[PDB]
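Encoded as structure tokens, the structure appears first; notes follow it.
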Amino acid sequence: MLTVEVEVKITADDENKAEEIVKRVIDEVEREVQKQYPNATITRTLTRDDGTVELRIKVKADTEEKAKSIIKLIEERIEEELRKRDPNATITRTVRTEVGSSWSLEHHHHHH
């Protein structure tokens with residue numbers, strides 16, 4: 001089990017609504033993801049700013065690929081629902097976790 005974060009910086013005219021709409025999405029997707037991916041735990045961290053909301057979704061899952069699926073469910077719904085109140089909402093997705101432990105120190109020379 002690995003954890004992966006995605007930091008989506010959202011520029012919006014009404015950041016106050018932007019945050020609350022995204023939260024509504026995260027939770028309505030989360031309850032479904034706990035049934036489809038019972039391994040995958042979603043955590044959310046939003047912080048508002050002068051015409052911005054910094055969204056950080058932390059998905060702890062078996063694989064970051066299946067976690068990318070979960071992130072995409074959140075992406076589609078946050079973008080849709082937010083623009084329905086505020087069309088100024090442009091989201092900028094940046095992956096905060098670059099999946100390490102790539103370098104496998106596989107040392108083996110068995111005498112037979």
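Ordering of the structure tokens sets the chain letters (A, B, ...), residue numbers begin anew at 1 in every chain, and ligands are numbered from 1 in the order given.
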
If you count only C-alpha atoms, which residues fall within 8 Å of residue 18 of chain A, apart from same-chain ones fewer than 3 positions away, as a PDB file with C-alpha atoms, in the first residue's frame?
```pdb
ATOM      1  CA  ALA A  12     -11.951  30.962  -9.188  1.00  0.00           C
ATOM      2  CA  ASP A  14     -15.722  33.019  -5.774  1.00  0.00           C
ATOM      3  CA  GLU A  15     -13.147  30.859  -3.872  1.00  0.00           C
ATOM      4  CA  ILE A  21     -18.568  22.587  -3.859  1.00  0.00           C
ATOM      5  CA  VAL A  22     -15.283  20.605  -4.203  1.00  0.00           C
ATOM      6  CA  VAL A  53      -8.403  27.318  -3.586  1.00  0.00           C
ATOM      7  CA  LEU A  82     -17.928  24.330  -9.623  1.00  0.00           C
ATOM      8  CA  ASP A  86     -18.720  30.032 -11.093  1.00  0.00           C
ATOM      9  CA  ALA A  89     -13.115  28.161 -12.021  1.00  0.00           C
TER      10      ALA A  89
END
```

Legend entry - All residues 9 Å or closer to residue 73 of chain A, only C-alpha atoms, same chain fewer than 5 positions away omitted, as number ranges by chain: A: 29, 68, 78

Legend entry - chain A: residues DSSP assigns to strand (DSSP E or B), reported as a PyMOL selection string: chain A and resi 2-11+41-49+52-61+90-95

Next, write the just-selected residues to a file, as a JSON list (two decimals), in the first residue's frame, keeping C-alpha atoms as the atom set.
```
[["chain", "number", "residue", "atom", "x", "y", "z"],
["A", 2, "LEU", "CA", 1.34, 3.41, -1.16],
["A", 3, "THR", "CA", -0.06, 6.94, -0.67],
["A", 4, "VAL", "CA", -0.33, 9.38, -3.62],
["A", 5, "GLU", "CA", -1.25, 13.10, -3.47],
["A", 6, "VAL", "CA", -2.52, 15.37, -6.24],
["A", 7, "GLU", "CA", -2.34, 19.17, -5.67],
["A", 8, "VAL", "CA", -4.93, 20.93, -7.87],
["A", 9, "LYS", "CA", -4.59, 24.77, -7.72],
["A", 10, "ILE", "CA", -8.05, 26.18, -8.62],
["A", 11, "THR", "CA", -8.31, 29.83, -9.79],
["A", 41, "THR", "CA", -8.72, 5.71, 1.77],
["A", 42, "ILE", "CA", -9.36, 9.32, 0.56],
["A", 43, "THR", "CA", -8.21, 12.34, 2.62],
["A", 44, "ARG", "CA", -8.85, 15.99, 1.62],
["A", 45, "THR", "CA", -7.05, 19.29, 2.42],
["A", 46, "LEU", "CA", -8.41, 22.57, 0.95],
["A", 47, "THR", "CA", -7.14, 26.08, 1.79],
["A", 48, "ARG", "CA", -8.66, 29.25, 0.26],
["A", 49, "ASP", "CA", -6.74, 32.27, -1.00],
["A", 52, "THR", "CA", -7.74, 30.67, -5.39],
["A", 53, "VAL", "CA", -8.40, 27.32, -3.59],
["A", 54, "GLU", "CA", -5.44, 24.92, -3.09],
["A", 55, "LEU", "CA", -6.95, 21.41, -3.27],
["A", 56, "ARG", "CA", -4.78, 18.48, -2.05],
["A", 57, "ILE", "CA", -6.34, 14.99, -2.41],
["A", 58, "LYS", "CA", -4.41, 12.24, -0.58],
["A", 59, "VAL", "CA", -5.46, 8.75, -1.87],
["A", 60, "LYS", "CA", -3.80, 5.88, 0.07],
["A", 61, "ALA", "CA", -4.27, 2.80, -2.19],
["A", 90, "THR", "CA", -10.05, 26.86, -13.95],
["A", 91, "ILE", "CA", -8.31, 23.89, -12.25],
["A", 92, "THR", "CA", -4.52, 23.24, -12.58],
["A", 93, "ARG", "CA", -3.61, 19.61, -11.74],
["A", 94, "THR", "CA", -0.07, 18.82, -10.44],
["A", 95, "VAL", "CA", 0.84, 15.36, -9.02]]
```

Legend entry - 8 Å contact set for residue 62 of chain A, only C-alpha atoms, chain neighbours under 5 positions out, as a list in words: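 Close residues of residue 62 of chain A: residues 1, 2, 39 and 40 of chain A.
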
Legend entry - Using only C-alpha atoms: which of A:38, A:17, A:88, A:25 has the shortest distance to residue 75 of chain A: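 Ranking A:38, A:17, A:88, A:25 by distance to residue 75 of chain A, first place goes to A:25.
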
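With atom CA of residue 100 of chain A on one side and atom CA of residue 77 of chain A on the other, the separation reads 28.8 Å.
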
Legend entry - Filtered DSSP result for chain A, state helix (DSSP H, G or I), as a PyMOL selection string: chain A and resi 15-36+64-83
